[PDB]
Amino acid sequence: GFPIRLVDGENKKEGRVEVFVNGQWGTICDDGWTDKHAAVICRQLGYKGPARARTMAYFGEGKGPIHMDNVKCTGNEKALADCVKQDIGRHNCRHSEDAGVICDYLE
């Protein structure tokens, strides 16, 4: 699987998604990023409750590589690694489109 962390949230249950790939921490593009993706990230982090996506660098932009461009998740996966990659685009993503989550979303 992939190491994952949430950064720049108000608490440890939310923030911009960073993933560790090819020796570096980097971000995930929000193209196609929905609540199903958020469920999977939050599940991998050990949270069990409802999750919600946050798009367009909601918590702030990341820096360094954008590791993944178009992740396809059913929403049921236990880990980001089990989602499937897609060649749906020429990959023009910028850090202004960095994806995020809120885990155990309340109200």
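We number the residues from 1 along the sequence you see.
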query	finding
Residue stretch of maximal mean CA temperature factor, 87-95 vs 19-27	87-95
Higher-B stretch (mean Cα B-factor, as the entry records it), 28-36 or 64-72	64-72
Of the residues 101, 7, 106, 4, the one carrying the largest Cα B-factor as recorded	106
Maximum C-alpha temperature factor, selected from 81, 53, 41, 56	81
